[PDB]
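J.: got a sequence here, can you model it:
(7 chains)
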Amino acid sequence: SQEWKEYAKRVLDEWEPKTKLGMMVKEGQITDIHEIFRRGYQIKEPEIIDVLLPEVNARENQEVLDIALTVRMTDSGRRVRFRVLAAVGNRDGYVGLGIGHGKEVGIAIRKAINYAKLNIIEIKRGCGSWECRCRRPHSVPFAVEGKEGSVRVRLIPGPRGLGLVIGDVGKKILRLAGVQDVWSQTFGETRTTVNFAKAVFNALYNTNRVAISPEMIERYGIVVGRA
Amino acid sequence: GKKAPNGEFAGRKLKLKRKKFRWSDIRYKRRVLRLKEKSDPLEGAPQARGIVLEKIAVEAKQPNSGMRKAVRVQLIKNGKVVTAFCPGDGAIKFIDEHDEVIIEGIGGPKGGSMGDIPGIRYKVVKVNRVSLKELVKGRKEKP
Amino acid sequence: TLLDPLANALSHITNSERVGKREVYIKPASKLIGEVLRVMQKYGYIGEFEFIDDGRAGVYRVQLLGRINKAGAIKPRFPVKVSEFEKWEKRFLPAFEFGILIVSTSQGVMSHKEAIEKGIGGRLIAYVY
Amino acid sequence: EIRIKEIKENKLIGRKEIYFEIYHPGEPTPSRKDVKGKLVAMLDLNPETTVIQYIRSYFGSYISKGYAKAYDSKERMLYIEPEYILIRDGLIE
Amino acid sequence: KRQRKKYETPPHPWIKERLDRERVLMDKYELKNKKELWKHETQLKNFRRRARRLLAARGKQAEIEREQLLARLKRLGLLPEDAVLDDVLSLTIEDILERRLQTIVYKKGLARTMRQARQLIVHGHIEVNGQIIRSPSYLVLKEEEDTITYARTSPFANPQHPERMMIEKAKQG
Amino acid sequence: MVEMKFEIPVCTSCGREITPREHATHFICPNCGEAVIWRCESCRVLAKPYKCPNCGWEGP
RNA sequence: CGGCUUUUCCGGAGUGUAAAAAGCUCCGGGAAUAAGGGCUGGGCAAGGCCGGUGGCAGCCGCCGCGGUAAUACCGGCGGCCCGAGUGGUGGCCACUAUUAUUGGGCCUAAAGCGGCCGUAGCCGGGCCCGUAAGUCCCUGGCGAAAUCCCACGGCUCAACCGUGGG
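T.: Residues are numbered from 1 along each chain as shown, chains lettered A, B, ... in the order given. Below is the structure:
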């Protein structure tokens, strides 16, 4: 923890705020991460979030999902290009996904992680299974459906200690989302990793779309982000 | 429109439609009329005991180039004659003319010809009751 | 031609609230529609609902509170006893005890939660969450 | 060492059933004759009217169960009890 | 009717994460086969299934079975005496593993190693309440652990068996 | 562990909560000038009218 | 290198028969003394160097490998999965929402008949009254045993068996 605070202070020194959102996170009247989400500004500087959520920089909090090797081509050759899909996030309900183009492996990795940082979102969590009911945000609060491309994904709450029963892409995405047990159903082509990952991301984002009265906030221990 | 019929008193048609279209399936048709169990030369037998008649080889499908050894087996059970691929390195020499042999399906897609060699359906396991794999390894001896 | 007022009404409500209007008018008003409208309003899903004497079949006026996510009438009136009720909760609701269902028991149209303690079966009529 | 739990009298047969336990920690299983001469002492029975069928020693157990019968007259065994446990006890050649 | 296997194989023989998560426990607890670990996993899974079944049940038989389940879980020494139906979902494999006879007999300091304790058990040298068991996989109850001593007939019930002093020094060390 | 229970804003026109990356807006009341009026993206796109909580002024 | 017990291993003693054998149970002599199978390019990804053949020989469930460097054939070593098990093949379920009631599609990918009418069948407007067949709640008789779930108890435990509840 203290190392993360040290890194936060370091970047607070080095970074100079360009976008309007930079000042009040450098000046320090914003300390909550959810302050960014609630009002609905826009994020463009990668330094904005690691000040409040430096844990992204951990090697266990960042994951490289796939390394696609695409090919433009001309009369005088096939010019390759790297497209890397990778995810970052703290394990308390804040995750981002990114795709990075490049000409080398490392360049794509860097750009992908940087863009993933900008895709940070807030994840409601809970316990809505018919067998757990433990009021701890160990899983989704309710069953949700996400769509992207052809792929559709249904995430159903599951009991404690079951683990994530889902494809490895959703496995990693949810593991970085601070969720431990969920039933998964996948419709469409799941071989294309990118659409699957994006659909999982969109489902997690759609969790916040459901209207909730406080009674179920108590009933499932619904947490908006950090628990 | 809406998938039909959805009526509470529509059991007859809801059943008839499904039964009818289950015939559009091919695997179910293949089972219930048992025509796998009427076209089979092996009559649903994962093994059979046959006599060899002559050794033949076939050209691998392109771009695969080579010579795939095999033999021709008439079946003592019923009398049909089929090709029989022989595996192993230089194993054609081990399999001789007029040999009691044990033959078994080759486990390709749907039981079809395996991999890069066409037509064939079966491979040899035991020759004169002696397992061919060891004889490829030379551990045993043909009687 | 029209076949079922209730499912049309529930689809009307859902579609009208997806865009997010405020006052919704349902044309084919009947008694069962009113008995239905009682239930969820008793759970605070909708605001006021009232009946307007048109002169042909009556209209139903409802104010929408923006609470419902999906509200639809299960058509084929599945009769369900008590002890197996859970087998249908997994089919129409997003989570444990999220939302409700409407059953027409011997004692009238009324919410499913209130039927568990009343110990009455009946035929599923609609659902909302 | 042998210690009793069950001593039950069947008066339709006029015969005594004895269920007893033998403590044999660390030594080989006792034989039929030894326990036969052991019980008769402190139960004070006629040896010829007394017969044993089974003595079961369990796996990994130093305490073994055993059952014996104690009749009154020399004809009761010849009539009622089967012929094996006289031969196994030597009562019949 | 044909007697069925009591344990469940993993759905995939070659997943890295599951393989290594197995291997760490195999080296830690030193079981002969992954079959044993799978058996104990299934043993857990039975409790989990019973718990999740009962939690959604309304009826007298449901409650009665629930109380019986809680009672026998507590009897095994898995749970505290005031446990409820909600905490079983948080149980782990290691909670079962520590209750294994081999594990417990080692934690009594009666062996210098897991394998040494296993050898003593399988060679009929460890007694429970004066009874000998030759199965290190056995799971002990909460009312018998105090009876775990050396078998009387064993040479190691004798306090000067040459291995015994080394065992007790290791206990000291 | 402090549970920092934030107040997720709610739109005035419809009452729906505001998801993180929504393009919603927050602005001061048009007539009483003290009440904060939120407007969610769905409310914004079709521009359905909104009403003040304080003075009951109506404004798209 | 030093020490420890003997899984089995020879003898004796119980049971065993109504004949033993079973070697089931206890004691004594007592040696470290039984382990293979498959895989090693990827889909399986768990796992790499060398010798040999060089589009021949062969391997290969699918993708692929070899026209002289083969990390993919064969030999050696190394390594990997499982374990008195392990491989090949054939039949069945799932994988599959590729049988779609739950739960699929039919403009361009197989898939709306050129169009209309119309019988059976199916699906049908609102309100009141009656009936109560369906529908729902309660209750009597009844669906054998065996199998299945759980507690306890017996055989080391287990399996197995019984007592009790379902």
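J.: list the buried residues of the longest helix along chain D.
T.: In chain D, assigned by DSSP state H, the helix with the most residues is helix D:32-43. Across helix D:32-43, burial judged by 16 or more other Cβ atoms under 10 Å in any protein chain shown covers D:32, D:35-36, D:39-40, D:43. C-beta here means a position set from N, CA and C on the backbone, and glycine is covered the same way.
J.: now do the strands in chain F.
T.: F:25-28, F:36-39, F:50-51, F:58-59 (DSSP state E).
J.: which strands and helices sit next to the first one?
T.: Pointing back at strand F:25-28 there. Using 3 or more Cβ pairs under 8 Å, 6 or more residues apart in numbering or on different chains; DSSP states H and E, the elements in contact with strand F:25-28 are strand F:36-39.
J.: how about the last one?
T.: With contacts defined as 3+ Cβ pairs under 8 Å, 6+ apart, the packing partners of strand F:58-59 are strand F:50-51.
J.: and for the second one?
T.: The criterion is 3+ Cβ pairs under 8 Å, 6+ apart, and the helices and strands that strand F:36-39 contacts are strand F:25-28.
J.: just the residues contacting the strand it packs on, thanks.
T.: Here strand F:25-28 makes contact (Cβ atoms under 8 Å, 6 or more residues apart in numbering or on different chains) with A:39-40, F:9, F:34-39, F:44.
J.: derive a PyMOL selection command for the buried subset of the residues you listed.
T.: A single PyMOL command selects the buried members of the contacts of strand F:25-28 (16+ other Cβ under 10 Å):
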select buried, (chain A and resi 40) or (chain F and resi 9+37+38+39)
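J.: how about the residues of chain B that lie near chain C?
T.: When proximity is defined by Cβ under 8 Å from any Cβ of the partner chain, chain B lies next to chain C at B:6-8.
J.: please repeat the previous calculation with a cut-off of 10 Å.
T.: B:2, B:6-10 (Cβ under 10 Å from any Cβ of the partner chain).
J.: farthest-separated two in the contacts of strand F:25-28?
T.: F:34 and F:44 (22.2 Å; Cβ to Cβ).
J.: spell out whether the longest helix of chain D and RNA strand G are in contact.
T.: Yes - using Cβ under 7 Å from any atom of the strand, we find that helix D:32-43 touches RNA strand G at D:32-33.
J.: relative to the whole chain's centre, how far out is the helix or strand just after that helix?
T.: Downstream of helix D:32-43, the next assigned helix or strand under DSSP states H and E is strand D:50-57. Centroid separation for strand D:50-57 versus its chain: 5 Å, with Cα atoms, centre = their mean, to the nearest Å.
J.: sheet-wise, list the partners of strand D:50-57 with their directions.
T.: Partner strands and pairing direction for strand D:50-57 (DSSP bridges) are strand D:63-70 (antiparallel).
J.: then the strand it pairs with to CSV, C-alphas only?
T.: Below are the C-alpha coordinates for strand D:63-70, written out as CSV (Å, rounded to 0.1, in the frame of the first residue of the first chain):
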residue,chain,number,x,y,z
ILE,D,63,-10.2,-57.4,22.6
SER,D,64,-11.9,-60.4,20.9
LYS,D,65,-15.6,-61.4,21.3
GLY,D,66,-16.7,-64.9,22.0
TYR,D,67,-19.8,-66.9,22.6
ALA,D,68,-20.3,-70.1,24.6
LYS,D,69,-23.3,-72.3,25.6
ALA,D,70,-23.8,-74.1,28.9
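J.: so is it next to RNA strand G?
T.: Yes - contact between strand D:63-70 and RNA strand G, assessed by Cβ under 7 Å from any atom of the strand, occurs at residue D:64.
J.: what residues of the next helix or strand along the chain from that strand count as buried?
T.: Tracing the chain past strand D:63-70, the next element assigned as helix or strand by DSSP H and E is helix D:74-79. Under the neighbour-count criterion of 16+ other Cβ under 10 Å, helix D:74-79 has residue D:77 buried.
J.: which residues does residue D:29 contact?
T.: Contact partners of residue D:29, counting by Cβ atoms under 10 Å, 6 or more residues apart in numbering or on different chains, are D:22, D:55, D:57, D:64.
J.: show me what whichever strand or helix holds residue E:105 is packed up against.
T.: Following DSSP H and E, one finds residue E:105 within helix E:101-107. Applying 3 or more Cβ pairs under 10 Å, 6 or more residues apart in numbering or on different chains; DSSP states H and E, one finds that helix E:101-107 contacts helix E:16-29, helix E:93-98, helix E:114-122, strand E:126-128, strand E:148-150.
J.: middle-most residue in chain A, spatially?
T.: Centroid-nearest residue in chain A: residue A:95, 2.2 Å away (criterion: Cα atoms, centre = their mean).
J.: quick check: buried residues in the host helix or strand of residue C:41?
T.: Residue C:41 belongs to helix C:31-42 when assigned by DSSP H and E. For helix C:31-42, the neighbour count (16+ other Cβ under 10 Å) marks C:32-33, C:36-37, C:39-41 as buried.
J.: redo these as CSV? Include distance to residue E:141.
T.: What follows is the buried residues of helix C:31-42, written out as CSV (distance: Cβ to Cβ, whole Å):
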residue, distance to residue E:141
C:32, 60
C:33, 62
C:36, 57
C:37, 59
C:39, 52
C:40, 53
C:41, 56
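J.: OK, contacts around whatever residue of chain B ends up closest to chain C?
T.: Nearest to chain C in chain B, going by Cβ to the nearest Cβ, is residue B:8, at a distance of 5.1 Å. With contact set as Cβ under 10 Å, 6+ apart, residue B:8 has these partners: C:75-79, C:123.
J.: just residue F:55 next, same as before
T.: So residue F:55 contacts F:29-35 (Cβ under 10 Å, 6+ apart).
J.: name the nearest residue to residue 5, sequence neighbours excluded.
T.: You didn't say which chain, so I picked chain A. residue A:54 (7.5 Å; Cβ to Cβ, 6 or more residues apart in numbering or on different chains).
J.: hmm, no, I was thinking of chain D.
T.: Closest residue in space to residue D:5, ignoring its immediate chain neighbours: residue D:19 at 5.7 Å, by Cβ to Cβ, 6+ apart.
J.: cool, and residue C:24?
T.: Nearest non-adjacent residue to residue C:24, counting by Cβ to Cβ, 6+ apart: residue C:16, 4.6 Å away.
J.: so the one you found sits in a helix?
T.: Yes - counting by DSSP: H, G, I helix; E, B strand; the rest coil, residue C:16 is located in a helix.
J.: my guess is it contacts residue C:46. True?
T.: No - assessed by Cβ atoms under 10 Å, residue C:16 is found out of contact with residue C:46, at 11.5 Å.
J.: can you check which helix is longest in chain E?
T.: helix E:34-55.
J.: who's in contact with the next helix or strand after it?
T.: Counting by DSSP H and E, the element after helix E:34-55 in chain order, helix or strand, is helix E:60-75. When contacts are defined by Cβ under 10 Å, 6+ apart, helix E:60-75 is touched by residues E:47, E:50-51, E:53-57, E:59, E:78-85, E:87-88, E:91, E:141-144.
J.: residues near the closest residue to residue E:7 other than its chain neighbours, how many?
T.: Excluding the flanking residues, the one nearest residue E:7 by Cβ to Cβ, 6+ apart is residue E:39, at 4.1 Å. Residues lying near residue E:39 (other Cβ atoms under 10 Å in any protein chain shown) number 18.
J.: could you do residue E:85 as well?
T.: Count around residue E:85 with other Cβ under 10 Å applied: 15.
J.: OK, contacts around it?
T.: E:51-52, E:54-55, E:66-67, E:69-70, E:73.
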